[PDB]
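Below is the file final12.tsv, which contains TSV, C-alpha atoms.
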chain	number	residue	atom	x	y	z
A	164	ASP	CA	-17.89	-22.73	-19.87
A	165	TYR	CA	-19.52	-19.73	-18.19
A	166	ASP	CA	-20.90	-18.19	-21.42
A	167	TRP	CA	-18.80	-15.02	-21.60
A	168	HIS	CA	-18.61	-14.66	-25.38
A	169	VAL	CA	-17.81	-10.92	-25.59
A	170	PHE	CA	-14.34	-9.86	-24.50
A	171	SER	CA	-11.47	-7.42	-25.07
A	172	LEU	CA	-7.67	-7.54	-24.85
A	173	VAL	CA	-5.27	-5.15	-23.08
A	174	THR	CA	-1.55	-5.81	-23.60
A	175	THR	CA	1.55	-3.77	-22.81
A	176	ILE	CA	4.93	-3.95	-24.57
A	177	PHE	CA	6.23	-6.68	-22.27
A	178	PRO	CA	8.30	-9.14	-24.34
A	179	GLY	CA	6.36	-12.02	-25.83
A	180	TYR	CA	2.96	-10.40	-26.39
A	181	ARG	CA	2.75	-10.82	-30.17
A	182	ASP	CA	2.58	-14.60	-29.72
A	183	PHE	CA	-0.28	-14.11	-27.25
A	184	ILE	CA	-2.23	-11.89	-29.64
A	185	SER	CA	-1.64	-14.11	-32.68
A	186	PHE	CA	-2.65	-17.28	-30.85
A	187	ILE	CA	-5.84	-15.71	-29.50
A	188	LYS	CA	-6.80	-14.39	-32.94
A	189	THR	CA	-6.28	-17.74	-34.68
A	190	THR	CA	-8.08	-19.71	-31.96
A	191	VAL	CA	-11.03	-17.32	-32.19
A	192	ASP	CA	-11.09	-17.61	-35.98
A	193	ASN	CA	-11.03	-21.43	-35.95
A	194	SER	CA	-13.96	-22.32	-33.67
A	195	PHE	CA	-17.73	-22.81	-33.83
A	196	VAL	CA	-18.61	-20.96	-30.61
A	197	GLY	CA	-18.65	-17.49	-32.18
A	198	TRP	CA	-16.52	-15.18	-30.06
A	199	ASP	CA	-17.39	-11.49	-30.41
A	200	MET	CA	-14.00	-9.90	-29.79
A	201	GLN	CA	-14.32	-6.11	-29.79
A	202	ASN	CA	-10.99	-4.37	-29.12
A	203	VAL	CA	-7.26	-5.07	-29.34
A	204	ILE	CA	-5.74	-2.32	-27.18
A	205	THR	CA	-1.96	-2.10	-26.94
A	206	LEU	CA	-0.32	0.51	-24.73
A	207	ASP	CA	2.88	2.15	-25.89
A	208	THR	CA	4.84	3.02	-22.73
A	209	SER	CA	4.04	3.98	-19.15
A	210	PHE	CA	0.64	5.57	-19.64
A	211	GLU	CA	0.62	9.36	-19.49
A	212	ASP	CA	-3.18	9.37	-19.16
A	213	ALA	CA	-3.07	11.41	-22.39
A	214	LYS	CA	-3.47	8.99	-25.31
A	215	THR	CA	-4.08	5.74	-23.39
A	216	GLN	CA	-7.06	7.32	-21.61
A	217	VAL	CA	-9.02	7.48	-24.87
B	101	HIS	CA	27.85	-18.23	-35.54
B	102	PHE	CA	26.81	-17.87	-31.88
B	103	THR	CA	29.98	-16.97	-29.98
B	104	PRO	CA	28.59	-14.04	-27.89
B	105	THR	CA	26.09	-16.22	-25.98
B	106	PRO	CA	28.22	-16.88	-22.84
B	107	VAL	CA	28.86	-13.16	-22.35
B	108	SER	CA	25.20	-12.22	-22.73
B	109	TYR	CA	24.05	-14.98	-20.36
B	110	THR	CA	26.59	-14.22	-17.62
B	111	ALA	CA	26.09	-10.45	-17.84
B	112	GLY	CA	22.30	-10.58	-18.10
B	113	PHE	CA	22.22	-12.60	-14.90
B	114	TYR	CA	22.93	-9.24	-13.19
B	115	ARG	CA	21.31	-6.99	-15.83
B	116	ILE	CA	24.53	-5.31	-16.99
B	117	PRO	CA	24.00	-3.87	-20.50
B	118	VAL	CA	25.93	-5.51	-23.34
B	119	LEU	CA	26.60	-3.86	-26.72
B	120	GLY	CA	27.21	-6.06	-29.74
B	121	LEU	CA	29.23	-4.87	-32.70
B	122	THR	CA	29.15	-7.36	-35.58
B	123	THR	CA	26.85	-10.24	-34.60
B	124	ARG	CA	23.76	-10.10	-36.81
B	125	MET	CA	21.73	-13.23	-36.02
B	126	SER	CA	18.00	-12.88	-35.36
B	127	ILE	CA	17.85	-14.76	-32.03
B	128	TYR	CA	19.35	-11.90	-30.01
B	129	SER	CA	16.29	-9.70	-30.65
B	130	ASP	CA	14.17	-12.00	-28.44
B	131	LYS	CA	14.22	-10.13	-25.14
B	132	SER	CA	12.74	-13.03	-23.16
B	133	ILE	CA	16.02	-14.94	-23.53
B	134	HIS	CA	18.77	-12.31	-23.86
B	135	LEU	CA	17.69	-9.82	-21.21
B	136	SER	CA	20.28	-7.05	-21.72
B	137	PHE	CA	21.57	-7.11	-25.32
B	138	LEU	CA	21.90	-4.05	-27.58
B	139	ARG	CA	23.75	-3.82	-30.89
B	140	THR	CA	24.73	-1.23	-33.49
B	141	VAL	CA	24.08	-3.38	-36.60
B	142	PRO	CA	20.60	-4.41	-37.81
B	143	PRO	CA	19.85	-8.15	-37.96
B	144	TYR	CA	19.14	-10.42	-40.93
B	145	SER	CA	15.38	-9.74	-40.92
B	146	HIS	CA	15.30	-6.14	-42.24
B	147	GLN	CA	16.18	-7.21	-45.76
B	148	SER	CA	12.47	-8.07	-45.68
B	149	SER	CA	11.70	-4.35	-45.43
B	150	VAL	CA	14.09	-3.68	-48.31
As structure tokens, the full file:
Amino acid sequence: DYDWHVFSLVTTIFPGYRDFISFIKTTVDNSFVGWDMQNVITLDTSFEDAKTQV
Amino acid sequence: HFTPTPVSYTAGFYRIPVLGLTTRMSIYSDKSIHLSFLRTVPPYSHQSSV
């Protein structure tokens, strides 16, 4: 509605995130609007600010 | 097939860890439902890796 076609995705290891990611990917791939998804960032554990910083 | 469900429900109400020994169904890996279930045998969905 507000014309925000470029987005990202930041998910932790909280249970039930794979369904979220899969649904978003399929919905993006089956539409005419043309979403320009850039990143799929998944964090591993409590961030050490060592590998999650990059 | 599913006889350790009452124990997991009643214990996971308080978050008291539960260790399973021979149950191998795939539903117990879903941590949204069974909050505090661990087991020493792999489930029926690693034969896919094999």
Using all atoms listed in the file, which of the listed residues (A:199, A:211, A:182, A:166) sits closest to chain B?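 That would be A:182, the residue with the smallest distance to chain B.
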Residue nearest chain A - candidates B:149, B:123, B:129, B:108, atoms counted: all atoms listed in the file: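 Closest residue, counting all atoms listed in the file: B:129.
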Kindly provide, as a PyMOL selection string, the residues of chain B having any atom no farther than 8 Å from an atom of chain A, counting only C-alpha atoms. chain B and resi 130-132
Take atom CA of residue A:194 and atom CA of residue A:174 and report the distance between them in Å, one decimal.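 According to the coordinates, atom CA of residue A:194 and atom CA of residue A:174 are separated by 23.0 Å.
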What is the distance between atom CA of residue B:145 and atom CA of residue B:114, in Å to one decimal? 28.7 Å
Straight-line distance linking atom CA of residue A:206 with atom CA of residue A:170, stated in Å to one decimal: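 Value for the atom CA of residue A:206-atom CA of residue A:170 distance: 17.4 Å.
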What are the centre and edge lengths in Å, to one decimal, of the axis-aligned box around all listed atoms of stretch 181-195 of chain A with 5 Å added on each side, as JSON?
{"center_x": -7.5, "center_y": -16.8, "center_z": -31.6, "size_x": 30.5, "size_y": 22.0, "size_z": 18.7}
Of the candidates B:126, B:135, B:142, B:120, which one gets nearest to residue B:104 if we count all atoms listed in the file? B:120
Report as an MDAnalysis selection string all protein, DNA and RNA residues lying within 10 Å of residue B:112, evaluated on all atoms listed in the file, omitting residues in the same chain fewer than 4 positions from it. chainID B and resid 106:108 116:118 133:137
Within 7 Å of (24.0, -0.1, -28.7), in the coordinates the file gives, what residues turn up when you count all atoms listed in the file, written out as a PyMOL selection string? chain B and resi 119-120+138-140
When you look at residue A:214 with a cut-off of 12 Å (counting only C-alpha atoms), what residues show up, excluding the ones that are within fewer than 6 positions of it in the same chain? I need them as number ranges by chain. A: 204-208
Would you mind exporting C-alpha atoms of the selected residues as a CSV table (one decimal), in the frame of the given file?
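New file again-v8.csv:
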chain,number,residue,atom,x,y,z
A,204,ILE,CA,-5.7,-2.3,-27.2
A,205,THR,CA,-2.0,-2.1,-26.9
A,206,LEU,CA,-0.3,0.5,-24.7
A,207,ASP,CA,2.9,2.2,-25.9
A,208,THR,CA,4.8,3.0,-22.7
Spatial neighbours of residue A:167, max dist 12 Å, only C-alpha atoms, sep filter under 5 positions, as number ranges by chain: A: 196-200
Name the residues in contact with residue B:125 at a cut-off of 8 Å, using only C-alpha atoms, excluding same-chain residues fewer than 4 positions from it; report them as a list in words.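 Counting only C-alpha atoms, the residues come to residues 101, 143 and 144 of chain B.
Checking A:216, A:193, A:202, A:209 one by one against residue A:176, counting all atoms listed in the file, you find the shortest gap at A:209.
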Can stretch 136-147 of chain B be brought up to N, CA, C and O atoms and written out as a PDB file, keeping the file's coordinate frame?
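Writing done, so here's part.pdb:
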ATOM      1  N   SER B 136      19.590  -8.330 -21.700  1.00  0.00           N
ATOM      2  CA  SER B 136      20.280  -7.050 -21.720  1.00  0.00           C
ATOM      3  C   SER B 136      21.244  -6.936 -22.903  1.00  0.00           C
ATOM      4  O   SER B 136      22.434  -6.693 -22.744  1.00  0.00           O
ATOM      5  N   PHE B 137      20.740  -7.128 -24.119  1.00  0.00           N
ATOM      6  CA  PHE B 137      21.570  -7.110 -25.320  1.00  0.00           C
ATOM      7  C   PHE B 137      21.138  -5.989 -26.248  1.00  0.00           C
ATOM      8  O   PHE B 137      19.978  -5.944 -26.670  1.00  0.00           O
ATOM      9  N   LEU B 138      22.077  -5.102 -26.584  1.00  0.00           N
ATOM     10  CA  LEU B 138      21.900  -4.050 -27.580  1.00  0.00           C
ATOM     11  C   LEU B 138      22.998  -4.189 -28.628  1.00  0.00           C
ATOM     12  O   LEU B 138      24.079  -4.706 -28.340  1.00  0.00           O
ATOM     13  N   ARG B 139      22.729  -3.742 -29.852  1.00  0.00           N
ATOM     14  CA  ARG B 139      23.750  -3.820 -30.890  1.00  0.00           C
ATOM     15  C   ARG B 139      23.584  -2.681 -31.884  1.00  0.00           C
ATOM     16  O   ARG B 139      22.498  -2.123 -32.041  1.00  0.00           O
ATOM     17  N   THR B 140      24.684  -2.347 -32.560  1.00  0.00           N
ATOM     18  CA  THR B 140      24.730  -1.230 -33.490  1.00  0.00           C
ATOM     19  C   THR B 140      24.569  -1.649 -34.953  1.00  0.00           C
ATOM     20  O   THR B 140      24.682  -0.799 -35.842  1.00  0.00           O
ATOM     21  N   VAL B 141      24.317  -2.926 -35.226  1.00  0.00           N
ATOM     22  CA  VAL B 141      24.080  -3.380 -36.600  1.00  0.00           C
ATOM     23  C   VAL B 141      22.713  -4.047 -36.676  1.00  0.00           C
ATOM     24  O   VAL B 141      22.343  -4.801 -35.767  1.00  0.00           O
ATOM     25  N   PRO B 142      21.923  -3.798 -37.716  1.00  0.00           N
ATOM     26  CA  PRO B 142      20.600  -4.410 -37.810  1.00  0.00           C
ATOM     27  C   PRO B 142      20.703  -5.881 -38.172  1.00  0.00           C
ATOM     28  O   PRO B 142      21.635  -6.292 -38.878  1.00  0.00           O
ATOM     29  N   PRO B 143      19.751  -6.704 -37.729  1.00  0.00           N
ATOM     30  CA  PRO B 143      19.850  -8.150 -37.960  1.00  0.00           C
ATOM     31  C   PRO B 143      19.562  -8.567 -39.388  1.00  0.00           C
ATOM     32  O   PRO B 143      19.556  -7.734 -40.296  1.00  0.00           O
ATOM     33  N   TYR B 144      19.361  -9.862 -39.601  1.00  0.00           N
ATOM     34  CA  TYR B 144      19.140 -10.420 -40.930  1.00  0.00           C
ATOM     35  C   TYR B 144      17.690 -10.363 -41.377  1.00  0.00           C
ATOM     36  O   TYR B 144      17.376 -10.876 -42.454  1.00  0.00           O
ATOM     37  N   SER B 145      16.796  -9.773 -40.587  1.00  0.00           N
ATOM     38  CA  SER B 145      15.380  -9.740 -40.920  1.00  0.00           C
ATOM     39  C   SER B 145      14.867  -8.344 -41.280  1.00  0.00           C
ATOM     40  O   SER B 145      13.659  -8.103 -41.183  1.00  0.00           O
ATOM     41  N   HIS B 146      15.744  -7.411 -41.664  1.00  0.00           N
ATOM     42  CA  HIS B 146      15.300  -6.140 -42.240  1.00  0.00           C
ATOM     43  C   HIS B 146      15.456  -6.100 -43.754  1.00  0.00           C
ATOM     44  O   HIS B 146      14.865  -5.228 -44.425  1.00  0.00           O
ATOM     45  N   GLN B 147      16.197  -7.049 -44.315  1.00  0.00           N
ATOM     46  CA  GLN B 147      16.180  -7.210 -45.760  1.00  0.00           C
ATOM     47  C   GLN B 147      14.765  -7.487 -46.248  1.00  0.00           C
ATOM     48  O   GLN B 147      14.457  -7.230 -47.416  1.00  0.00           O
TER      49      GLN B 147
END
